[PDB]
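Visitor: Protein chains in written order, with the entry's author numbering: chain A, 1 to 81; chain B, 12 to 78; chain C, 1 to 379; chain D, 164 to 217; chain E, 56 to 109; chain F, 5 to 110; chain G, 1 to 241; chain H, 1 to 62.
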Amino acid sequence: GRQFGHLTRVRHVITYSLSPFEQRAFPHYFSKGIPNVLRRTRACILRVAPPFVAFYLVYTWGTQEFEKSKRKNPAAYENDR
Amino acid sequence: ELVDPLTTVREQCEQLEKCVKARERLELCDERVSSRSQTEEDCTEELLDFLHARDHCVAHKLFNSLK
Amino acid sequence: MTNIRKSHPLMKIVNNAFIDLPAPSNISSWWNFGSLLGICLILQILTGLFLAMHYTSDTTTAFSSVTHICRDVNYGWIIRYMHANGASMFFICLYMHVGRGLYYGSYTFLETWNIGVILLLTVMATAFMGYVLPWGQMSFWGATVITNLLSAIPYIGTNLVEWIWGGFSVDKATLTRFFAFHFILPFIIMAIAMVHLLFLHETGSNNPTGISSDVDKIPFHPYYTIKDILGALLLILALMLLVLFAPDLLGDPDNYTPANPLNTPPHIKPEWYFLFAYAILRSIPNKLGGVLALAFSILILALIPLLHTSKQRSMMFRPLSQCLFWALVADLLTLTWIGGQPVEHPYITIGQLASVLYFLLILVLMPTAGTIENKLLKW
Amino acid sequence: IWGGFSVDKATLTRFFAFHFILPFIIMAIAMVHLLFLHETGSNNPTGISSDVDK
Amino acid sequence: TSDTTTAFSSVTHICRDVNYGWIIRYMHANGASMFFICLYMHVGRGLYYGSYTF
Amino acid sequence: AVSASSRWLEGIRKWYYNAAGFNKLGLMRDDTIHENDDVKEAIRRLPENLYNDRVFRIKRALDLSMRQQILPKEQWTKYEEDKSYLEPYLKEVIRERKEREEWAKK
Amino acid sequence: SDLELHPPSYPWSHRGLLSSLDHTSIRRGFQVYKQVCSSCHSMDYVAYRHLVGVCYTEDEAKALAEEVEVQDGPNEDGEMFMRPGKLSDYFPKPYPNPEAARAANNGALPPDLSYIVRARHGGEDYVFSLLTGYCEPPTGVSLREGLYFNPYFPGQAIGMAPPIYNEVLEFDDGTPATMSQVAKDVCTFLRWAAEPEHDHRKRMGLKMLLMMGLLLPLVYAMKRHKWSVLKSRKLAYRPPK
Amino acid sequence: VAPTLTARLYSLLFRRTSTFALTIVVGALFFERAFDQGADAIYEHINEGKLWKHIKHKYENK
Ligand code: HEC
Ligand code: HEM
Ligand code: HEM
Ligand code: FES
Numbered sequence: 001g002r003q004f005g006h007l008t009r010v011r012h013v014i015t016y017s018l019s020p021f022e023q024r025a026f027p028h029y030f031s032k033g034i035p036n037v038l039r040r041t042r043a044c045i046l047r048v049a050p051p052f053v054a055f056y057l058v059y060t061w062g063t064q065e066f067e068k069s070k071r072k073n074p075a076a077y078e079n080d081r
Numbered sequence: 012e013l014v015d016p017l018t019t020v021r022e023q024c025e026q027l028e029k030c031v032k033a034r035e036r037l038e039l040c041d042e043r044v045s046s047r048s049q050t051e052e053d054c055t056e057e058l059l060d061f062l063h064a065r066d067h068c069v070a071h072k073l074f075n076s077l078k
Numbered sequence: 001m002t003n004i005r006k007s008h009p010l011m012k013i014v015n016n017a018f019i020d021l022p023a024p025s026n027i028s029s030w031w032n033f034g035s036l037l038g039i040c041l042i043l044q045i046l047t048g049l050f051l052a053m054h055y056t057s058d059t060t061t062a063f064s065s066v067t068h069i070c071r072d073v074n075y076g077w078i079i080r081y082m083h084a085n086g087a088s089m090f091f092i093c094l095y096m097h098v099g100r101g102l103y104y105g106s107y108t109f110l111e112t113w114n115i116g117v118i119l120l121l122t123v124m125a126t127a128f129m130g131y132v133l134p135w136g137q138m139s140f141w142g143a144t145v146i147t148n149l150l151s152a153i154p155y156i157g158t159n160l161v162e163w164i165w166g167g168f169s170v171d172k173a174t175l176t177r178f179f180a181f182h183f184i185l186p187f188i189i190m191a192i193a194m195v196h197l198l199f200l201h202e203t204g205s206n207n208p209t210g211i212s213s214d215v216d217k218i219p220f221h222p223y224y225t226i227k228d229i230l231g232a233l234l235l236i237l238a239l240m241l242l243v244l245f246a247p248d249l250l251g252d253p254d255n256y257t258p259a260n261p262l263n264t265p266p267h268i269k270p271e272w273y274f275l276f277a278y279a280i281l282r283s284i285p286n287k288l289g290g291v292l293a294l295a296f297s298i299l300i301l302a303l304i305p306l307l308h309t310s311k312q313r314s315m316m317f318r319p320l321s322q323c324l325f326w327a328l329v330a331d332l333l334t335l336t337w338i339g340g341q342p343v344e345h346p347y348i349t350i351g352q353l354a355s356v357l358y359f360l361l362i363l364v365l366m367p368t369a370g371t372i373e374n375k376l377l378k379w
Numbered sequence: 164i165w166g167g168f169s170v171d172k173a174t175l176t177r178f179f180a181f182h183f184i185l186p187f188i189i190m191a192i193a194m195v196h197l198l199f200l201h202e203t204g205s206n207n208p209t210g211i212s213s214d215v216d217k
Numbered sequence: 056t057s058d059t060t061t062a063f064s065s066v067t068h069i070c071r072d073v074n075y076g077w078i079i080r081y082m083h084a085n086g087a088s089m090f091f092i093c094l095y096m097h098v099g100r101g102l103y104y105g106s107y108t109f
Numbered sequence: 005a006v007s008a009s010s011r012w013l014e015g016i017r018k019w020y021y022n023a024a025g026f027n028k029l030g031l032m033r034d035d036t037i038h039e040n041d042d043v044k045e046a047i048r049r050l051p052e053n054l055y056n057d058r059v060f061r062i063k064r065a066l067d068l069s070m071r072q073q074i075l076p077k078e079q080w081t082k083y084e085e086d087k088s089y090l091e092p093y094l095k096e097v098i099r100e101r102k103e104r105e106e107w108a109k110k
Numbered sequence: 001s002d003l004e005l006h007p008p009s010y011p012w013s014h015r016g017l018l019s020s021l022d023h024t025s026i027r028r029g030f031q032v033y034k035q036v037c038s039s040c041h042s043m044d045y046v047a048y049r050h051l052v053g054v055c056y057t058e059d060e061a062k063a064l065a066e067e068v069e070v071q072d073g074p075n076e077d078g079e080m081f082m083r084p085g086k087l088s089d090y091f092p093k094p095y096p097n098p099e100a101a102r103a104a105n106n107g108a109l110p111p112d113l114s115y116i117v118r119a120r121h122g123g124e125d126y127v128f129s130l131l132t133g134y135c136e137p138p139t140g141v142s143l144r145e146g147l148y149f150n151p152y153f154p155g156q157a158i159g160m161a162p163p164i165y166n167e168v169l170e171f172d173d174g175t176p177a178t179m180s181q182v183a184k185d186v187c188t189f190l191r192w193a194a195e196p197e198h199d200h201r202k203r204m205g206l207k208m209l210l211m212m213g214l215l216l217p218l219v220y221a222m223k224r225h226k227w228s229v230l231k232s233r234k235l236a237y238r239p240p241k
Numbered sequence: 001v002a003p004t005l006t007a008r009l010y011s012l013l014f015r016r017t018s019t020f021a022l023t024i025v026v027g028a029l030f031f032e033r034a035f036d037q038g039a040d041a042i043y044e045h046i047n048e049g050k051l052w053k054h055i056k057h058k059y060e061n062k
């Protein structure tokens, strides 16, 4: 109903925070962040890539398969007859 | 006169192997055709092949060669 | 509520559908689209208007006018492309807004989902006519078949086609009609949006974990506004770059020639998103049975919420579902490129190959997934 | 607003758009005009508080 | 059609070849007029009872 | 007819159980569950000792996800220990309605 | 299914991102059209408004225009004009009518060149290599009389008699005309014609990018700056419990 | 010890939001007059003799 008032009931939690001025926009964003980028990227790339392979394969597979099938009329039947 | 840069740049790439290499195929076609040309055979298909990579070389060169 | 300036017109108290609308803490930039979608649209209306300001719909006029637009009209070149290219962007903006729904199972909300369903169906024809408006060679021929397509109705179609034509052919009035349709139509959507939104206020947005967020909320204004602002700003270049330096990239239609009913194009394709359906369309030799599928293609979205198979909504915890999920992703994109192919024999097979797969992914695999997994965790 | 030295073509075309879209705007506004009315309700010919009888 | 050359001849053509092109055009124009006198009264009521108090 | 394979079943279980990140966020199986009607009143019948603890971990959980940090693995939940506390309450609500559902058939 | 050739990718003075056109070559590229292409293919969409773009002085382009036009204008006071007057006039067609065009071309219909660039696939290099490419009919192939073999050509038999030879003409420059130079010169000309805005449209294209990098981090910072308090939260669960 | 311009600046300008707002337009004005003036040179520096601005001098007023 009333959005902030009545949602849940919660007791004996404590919270701490600072003025945004009190702290920095990039607390080692570069150094400390780069590992975090890496670690989780693999958890996905396990389950992400495998299909993308398949298309590109088939993509070229059919591409070639398409090409010679079309490209060369005197391929199987050459122009002796 | 002026002979153009083109005809020159024409020759520099046709000098390359795959050019003359397939140019043989043209004759491999052509000569066989010359006897057998009664049948449907034509070397056009190969001509394009011949000319394709041919001017792929000719690409970069003459545009510089021109004004 | 003493001296609150948001009471005085009550209208400002309706405004608190935003600024105090709470939201869960963790929200991915995946969620920034709903915003963008509305924003992508606002621009549309405006630009899609000023066009008309110099535009004329007439069989003789329209092309030469549109010719004249980028010629003599101040910035007639920026604007037209702002309209067209901006259209494209609206799509990929849109699909993600879909993709989020699935991948977390946000579709669990039934009605809100359905509104999106209808909402989707609407948008296509808009562009469709919007694409005919150029009266280019393709636009003539493209609609020519797509409209002629509907003739496959066993009985009532015969009259009905010429009716929507208003003729034996594509002739003038068939143009003019569309203009009106294509003109009014967005306003309708904008209304519908306010419905689609509305239910959402009832139950609130969901969170990536697929878990009740009740315990932790956020005042909307200080934060998500910002991430949107940036998110909004993301869109800018995305169009700006394309629209400015390299116009003709997704401007893939090559036809600036006057539409010729005598001439027929050797290649016939709609633009991209129009293809993947049209790809399936190419597949079936049966004329009627094919159309039946194309219809059935999308609408199963609404069916999907019947397919909630598991005790956990989101797919972030189900690898296999996720495995499945990404699998389907490609099957579409293939068809796209497939529909982007002439109908030589591998493609012929290929579509036939990829076609039945598509539904099969949906219609068989996905439900059984959690069934195992429900059983797996011993749930 | 002409877009010209005279009444010529574009001055026409513009209006068409304007004259075309414009009602939809009004229809929206109506829903505002109405809205407040729900707040305080309609009045009665006597110019008197109607509270007692509805 | 809105065009300097077209519009008139088109509108000519409307009541000519268009099914009921005669009823419709007048439904539009004449119907416009009615909207006015409908409207003013809605004003007049407001004053004569002072409904403008809102 | 499974005995040794039964033993073989648990590995993938333990494996699959380890293939879903919430183990690595310190969750359990129960709090994972998608809501439902039975879910609802089930919540009612909980004692706070769990209930509150149910709360915090969730609240704990969400925050981490905000910052894209996964719990230090040492502290990850353990396939040996899964708390079923939900279900002994769940079967009640399931059961009773099935009667009403049926007893109101005829 | 003539093997669809591609004209190879040529570098261009404009090919680069910020790369622009030379108008001098354009000055020439006009001349040939002014000389040749007016044979059949016209361009209906261009006024004499060119002035400074290809650098032409108004007077020049005017006098350049005023030479061109000149048709009737006295039909019982209902007109058009001789001698264009202003430069807003477009460029006279060689043909009154698709009929007079096609029959004269013997069933061939010369396309407009106005927009022709962005129409065909293969860019301007298409025509360049097209006008470049003409080959002798390979062994065992025949043509229609008008049709001339060209490998690029989709049917590879084109009714267009190859116009260009080395020094067909002289240039307004006076640079010796070269079948290649002649070819390359007009290529830019049309390519610009379909895109008069072009060399300008990159200005803001440049201008926006310089502006562009400024804002993005600032927000992203302020973003983080606001969010900073969010990601800095600390929970403590201390049930007295 | 003197305050870094920052400590000056807020005290001077950013404190009163009007001023804080006021300066915004002010520099923005001088900004564009200088800003666009630079890029075009860079632009036309990049394209030399491709433009009438360079080209047209060949034939301009004869
Ligand atoms: C012989 C009269 C004539 C000359 C002179 C002439 N054109 Fe051609 N042109 C034609 C005709 C006729 C065709 C089409 C022939 C065919 O389709 O086989 C054609 C083909 C073309 C095409 C390609 C048509 C297509 O399908 O894309 C272009 C572009 C073109 N002309 C423009 C030019 C240009 C550029 C020049 C100067 C090199 C020129 N015309 C000079 C008559 C001419
Ligand atoms: C969801 C918003 C819109 C969609 C999907 C849409 C669809 C389209 C499309 C796809 C085009 C083709 C663009 C092109 O060919 O360059 C187009 C053009 C056009 N649209 Fe829309 N449009 C939208 C907004 C509008 C609006 C609001 C209007 C009317 C105010 C409008 C009127 C036009 C006009 C006049 C054109 C002519 C330009 C042309 O067709 O090429 N569009 N529209
Ligand atoms: C023009 C098209 C659309 C617009 C403008 C639009 C707009 C929005 C907006 C602004 C939101 C709120 C942001 C959010 O909840 O993440 C939203 C939410 C939603 N929309 Fe739409 N949407 C569109 C299309 C769709 C479609 C096609 C569907 C489904 C078929 C859909 C389903 C949803 C759902 C499920 C949500 C809530 C998701 C959640 O809270 O997790 N929307 N939409
Ligand atoms: S009916 Fe014309 S192609 Fe299928």
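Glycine included, every Cβ here is placed at the ideal spot set by N, Cα and C.
#1: Residues in the region 48-60 of chain B with C-beta within 8 Å of chain A's C-beta atoms, listed in sequence order?
#2: Along chain G, which residues have their Cβ under 8 Å away from the Cβ of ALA25(A)?
#3: Closer than 8 Å, CB to CB, is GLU167(G) near chain B or not?
#4: Hey, would you say the C-beta of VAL66(E) is under 7 Å away from at least one heavy atom of ligand 3?
#5: Under the criterion of a Cβ to heavy atom distance below 7 Å, does residue 386(C) qualify as lining ligand 2?
#6: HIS308(C) to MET366(C), Cα distance in whole Å?
#7: Buried or exposed, going by whether 16 or more other CB atoms sit within 10 Å of the CB of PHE149(G)?
#8: Can you determine whether any heavy atom of ligand 3 sits closer than 7 Å to the C-beta of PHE128(C), and answer yes or no?
#9: Use the C-beta contact count for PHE63(E): other C-beta atoms within 10 angstroms, 16 or more gives buried, fewer gives exposed.
#10: Could you list the residues in the region 309-339 of chain C with a C-beta less than 8 Å from some C-beta on chain F, going in chain order?
#11: Just the Cα atoms here: how many angstroms apart are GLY5(A) and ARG71(F)?
#12: Using a C-beta cutoff of 8 Å, does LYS207(G) count as contacting chain C?
#13: Quick one: does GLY5(A) have its CB under 8 Å from some CB of chain C?
#14: Would you mind reading off the limits of the beta strand (DSSP E) that contains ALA236(G)?
#15: Mind checking who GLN71(G) pairs with in its DSSP beta bridge?
#16: Return the CA-CA distance between residue 44(E) and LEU175(D), expressed in angstroms with no decimal places.
#17: Mind listing the chain F neighbours of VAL10(A)? Cutoff is C-beta to C-beta under 9 Å, in chain order.
#18: What is the DSSP secondary structure of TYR10(G), reduced to helix, strand or coil?
#19: Do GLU67(A) and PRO346(C) have their CB atoms nearer than 8 Å?
#20: Closest to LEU239(C) by C-alpha separation, out of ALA84(C), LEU328(C), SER321(C) and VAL73(C), would be which residue?
#21: Helix, strand or coil for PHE149(G), going by three-state DSSP, please let me know.
#22: Taking a Cβ distance cut-off of 8 Å, strictly less, list which residues of the region 41-71 of chain C are near chain G, in chain order.
#23: If you check the beta carbons only, do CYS93(C) and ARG80(C) fall under 8 Å apart?
Guide: Taking the geometry as given:
#1: Result list: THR50, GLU51, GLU52 and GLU56.
#2: For a Cβ distance threshold of 8 Å, residue set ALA221, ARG224, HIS225 and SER228 of chain G lies close to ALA25(A), ordered along the chain.
#3: Closer than 8 Å: yes.
#4: Checking the Cβ of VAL66(E) against ligand 3 gives no.
#5: The requested residue 386(C) does not occur in the structure, where chain C is confined to residues 1 to 379.
#6: When rounded, the distance between both Cα atoms is 9 Å.
#7: Flag for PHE149(G) reads buried.
#8: For ligand 3, not one heavy atom lies less than 7 Å from the Cβ of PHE128(C).
#9: In the assembly as shown, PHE63(E) is an exposed residue. Its beta-carbon has fewer than 16 other beta-carbons within 10 Å.
#10: Listed in sequence order: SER310, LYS311, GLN312, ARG313, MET316, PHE317, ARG318 and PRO319.
#11: Spanning the two alpha carbons is a distance of roughly 26 Å.
#12: The beta-carbon of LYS207(G) is placed no less than 8 Å from the nearest beta-carbon of chain C.
#13: No - not a single Cβ of chain C is within 8 Å of the one on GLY5(A).
#14: Element bounds for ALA236(G): 234-237.
#15: Residue pairing by DSSP puts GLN71(G) in a beta bridge opposite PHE81(G).
#16: Not covered by the structure: residue 44(E). The range shown for chain E is 56 to 109.
#17: From the beta-carbon of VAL10(A), the residues of chain F found nearer than 9 Å are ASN56, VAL59, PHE60 and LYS63.
#18: Three-state result, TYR10(G): coil.
#19: Cβ atoms of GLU67(A) and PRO346(C): not closer than 8 Å.
#20: Closest by alpha carbon: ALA84(C).
#21: Under the three-state reduction of DSSP, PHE149(G) is assigned to strand.
#22: From the region 41-71 of chain C, only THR67, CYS70 and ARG71 have a Cβ closer than 8 Å to chain G.
#23: It is not a contact, given that the beta carbons lie outside the stated cut-off.
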